[PDB]
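We use all heavy atoms of the structure for the numbers below, so side chains are in, but hydrogens, waters and symmetry mates are not. Both ligands and their constituent atoms are indexed starting at 1 by order of listing. Every chain is numbered from 1 and lettered A, B, ... according to where its sequence line falls, protein lines coming before strand lines.
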Number of protein chains: 2
Amino acid sequence: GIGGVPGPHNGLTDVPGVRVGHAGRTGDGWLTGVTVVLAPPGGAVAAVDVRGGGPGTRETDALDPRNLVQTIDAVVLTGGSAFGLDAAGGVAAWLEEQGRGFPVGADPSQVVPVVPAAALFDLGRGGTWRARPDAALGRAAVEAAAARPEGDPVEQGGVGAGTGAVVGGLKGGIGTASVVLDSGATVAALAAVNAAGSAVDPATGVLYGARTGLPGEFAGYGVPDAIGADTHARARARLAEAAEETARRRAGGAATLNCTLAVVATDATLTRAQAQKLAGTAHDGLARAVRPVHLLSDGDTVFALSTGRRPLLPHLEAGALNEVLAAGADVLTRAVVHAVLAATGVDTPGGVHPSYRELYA
Amino acid sequence: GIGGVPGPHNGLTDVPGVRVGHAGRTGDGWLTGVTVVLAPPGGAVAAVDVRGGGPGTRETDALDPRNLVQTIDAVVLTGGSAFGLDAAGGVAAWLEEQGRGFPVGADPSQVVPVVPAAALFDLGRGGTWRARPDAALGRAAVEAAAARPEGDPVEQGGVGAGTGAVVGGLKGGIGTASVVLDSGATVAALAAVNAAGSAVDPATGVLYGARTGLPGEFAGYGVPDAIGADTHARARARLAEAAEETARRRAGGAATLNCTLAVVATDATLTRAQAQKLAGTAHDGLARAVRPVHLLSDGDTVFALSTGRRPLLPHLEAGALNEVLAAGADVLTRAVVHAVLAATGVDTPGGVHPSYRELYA
Ligand code: EMC
Ligand code: EMC
């Protein structure tokens with residue numbers, strides 16, 4: 001069997017034709033950005049599962065299986081909470097210029113791009129409250145995506161929508177992971193991890209998601225299998241210190257708004273309803289990596305994409321879809337772990353957030 | 001009984017504290033605009049029922065009854081299809097400046113405005129394809145709303161989001177209607193009518209919604225109870241002529257995207273779930289005014305608001321809510337009829353759309 005191994009770069013672009021672009025702003029009061037997932041020409045079948053709603057979603061109704069539009073070209077993940085939805089307008093503008101969207105005239109230039117977006121809360125984490133992504137930053141992200149070749153490695157860590165992301169007080173960020181199925185199809189995820197809950201078991205210091213990893217995939221990051229009690233005691237103290245200092249700097253504790261945004265993708269052909277099921281099932285992967293999740297205040301959103309390049313079968317259909325559904329959860333769990341490990345700490349007038357590796361590696 | 005009569009101006013602002021603002025652009029290639037419904041200080045309980053999705057919705061997930069945010073301050077209705085969602089960013093900016101939104105810091109200036117929006121398709125109807133509402137036009141609409149006193153009459157016709165609206169080939173627009181309940185509560189609707197279907201019975205020329213009118217409310221518009229067969233024959237011919245000319249001018253037939261946007265409001269206190277039921281039930285009012293509705297390509301969206309100023313009871317609760325639910329459908333039916341009657345025809349390089357009264361009055 002050829003399955004159970006990561007794709008070439010262990011990331012979202014291992015789904016052929018998918019491109020990812022980041023644009024960010026750091027320094028001078030800023031710590032935010034935008035990540036765009038760009039489908040190949042012709043678009044991708046897309047669905048969404050939102051748990052905890054807005055503030056900060058756009059065009060989610062368009063992704064209902066009953067609706068007219070059958071594919072989309074781009075999903076926008078952004079900082080800036082509801083304000084950052086402004087980034088999506090810049091992406092829609094770019095798509096129009098490219099002639100990419102729902103056709104609304106005999107002239108191929110006349111199109112309406114359906115651009116779903118979800119935003120995470122990172123306000124003030126650079127120091128300046130009104131420092132949020134705008135249309136220009138959104139445009140920059142999709143232009144960055146378009147400039148990449150197929151199968152290009154995805155940058156992880158404090159980039160794009162992950163720039164200002166924080167998970168349980170630790171620095172969060174962008175992470176990605178993939179897996180090849182025995183059928184040869186690839187399933188992959190990209191996550192911007194900004195959760196209220198913890199990626200770390202408070203009893204041990206072990207990352208919750210680590211036991212879902214594929215053999216050896218995290219070895220390059222350099223964290224021991226066994227974490228010493230003294231190391232974990234020290235890490236907990238440092239995190240508590242950072243949290244108290246952050247609360248002082250923000251003139252108030254920890255954000256009431258938090259979340260994880262994600263895109264799961266595959267080249268296996270899915271109907272919209274099957275993609276909607278995949279988006280829903282991928283939330284399980286988040287639960288296995290972070291605890292607690294899906295709180296009242298947590299705006300967790302997963303988009304699912306199919307490029308429709310491989311038939312599900314190269315109850316047999318159910319079995320094939322179950323493989324994709326199970327992989328969808330696992331790649332999201334793994335992407336969250338990668339985000340946490342890829343992050344480097346920050347220290348700004350808007351927050352002090354050390355990374356996992358700064359505490360445990 | 002004091003019920004079964006319209007409120008003071010027969011419109012949405014008969015719900016005390018509600019304000020409505022329009023901003024539009026006409027001429028020089030333009031025929032579009034934005035309508036904002038602004039809740040009183042402290043916000044309103046809000047819900048939504050979307051049928052036919054996007055392209056062109058924003059922050060609808062935030063209105064789910066499970067979610068954190070308990071009230072909102074503004075709903076944005078806009079032209080420009082998905083591009084026009086850009087208008088909502090301007091409204092969010094204004095709300096932030098006013099300190100109005102979900103509180104996210106001990107400082108009252110730190111807020112995240114939840115601004116739901118829905119867009120209708122009017123592209124190119126002024127002549128210029130890229131002539132769509134932007135953030136500035138959205139800001140202008142909410143500023144216009146804020147400048148009005150309570151209980152101010154709502155302008156109808158080709159204004160705000162109704163500027164470029166077309167219903168079954170006839171000029172559409174903004175319409176509004178209200179009714180007082182025996183309890184003393186008011187229920188009202190505002191509609192931007194842009195449907196694929198017809199407001200007019202093709203067999204007779206009679207407006208479908210007219211028989212839902214309250215006694216005498218349409219008398220000021222001057223259309224006979226009995227429409228002559230010859231008048232109706234002439235009207236049908238003129239509409240067909242306008243449709244064929246429009247198709248020539250647009251280098252292609254009639255838009256694939258159409259809809260009706262609406263806001264229903266009441267001062268009776270509703271939970272979010274009760275408001276969601278009201279939004280769903282109000283769609284029935286649309287069905288009674290327009291046929292067909294809710295087609296695959298029709299993006300019909302109804303927002304429902306409660307200002308929470310009157311108790312439902314001043315199974316009794318069910319009976320009181322049923323009165324509100326029934327009124328919600330009726331005021332929407334009536335608002336659609338008002339939109340059709342208030343409209344005046346247009347003739348631009350992007351379309352020829354006569355009004356109902358130009359054909360039948
Ligand atoms: C801040 C909820 Hg994605
Ligand atoms: C054009 C669908 Hg509100």
Side-chain angles (χ1 to χ4, degrees), chain A residues 48 50-62 67-69 76-85 102 104 112 114 117-123 161 164-167 172 191-196 255-262 286 293-303, chain B residues 48 50-62 67-69 76-85 102 104 112 114 117-123 161 164-167 172 191-196 255-262 286 293-303:
Chain A
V48 69
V50 182
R51 306 204 192 153
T57 71
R58 163 188 167 123
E59 294 278 48
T60 54
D61 298 290
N67 297 340
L68 174 69
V69 178
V76 179
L77 310 181
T78 183
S81 190
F83 303 106
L85 292 175
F102 186 71
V104 296
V112 175
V114 174
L120 59 81
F121 184 93
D122 60 2
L123 304 196
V166 173
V167 55
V193 186
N194 189 58
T256 306
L257 299 174
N258 305 92
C259 70
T260 299
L261 311 176
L286 179 56
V293 288
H294 303 133
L295 302 176
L296 211 220
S297 46
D298 294 352
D300 303 322
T301 298
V302 178
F303 297 93
Chain B
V48 69
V50 182
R51 306 204 192 153
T57 71
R58 163 188 167 123
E59 294 278 48
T60 54
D61 298 290
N67 297 340
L68 174 69
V69 178
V76 179
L77 310 181
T78 183
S81 190
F83 303 106
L85 292 175
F102 186 71
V104 296
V112 175
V114 174
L120 59 81
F121 184 93
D122 60 2
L123 304 196
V166 173
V167 55
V193 186
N194 189 58
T256 306
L257 299 174
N258 305 92
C259 70
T260 299
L261 311 176
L286 179 56
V293 288
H294 303 133
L295 302 176
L296 211 220
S297 46
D298 294 352
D300 303 322
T301 298
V302 178
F303 297 93

Check: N194(B) side chain, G172(B) main-chain N or O, donor-acceptor pair, under 3.5 Å: no
Taking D122(B) for its side chain and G80(B) for its backbone only, find out whether a donor-acceptor pair lies under 3.5 Å. yes
Do any protein N, O or S atoms sit under 3.0 Å from atom 3 (Hg) of ligand 2, and which ones are they? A119(B) O, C259(B) SG, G299(B) O
Counting only N and O atoms by type, is there a donor-acceptor contact under 3.5 Å from the side chain of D298(B) to the main-chain atoms of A195(B)? no
Listed partners of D300(B) passing side-chain hydrogen bond (donor to acceptor under 3.5 Å, both in side chains), at least two apart: none
Looking at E59(A) and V114(A), would you say the former's side chain and the latter's main chain have a donor-acceptor pair under 3.5 Å? no
Applying side-chain contact (heavy atoms from CB on, under 4.5 Å) between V193(A) and each of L120(A), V166(A), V167(A), report the one that passes. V167(A)
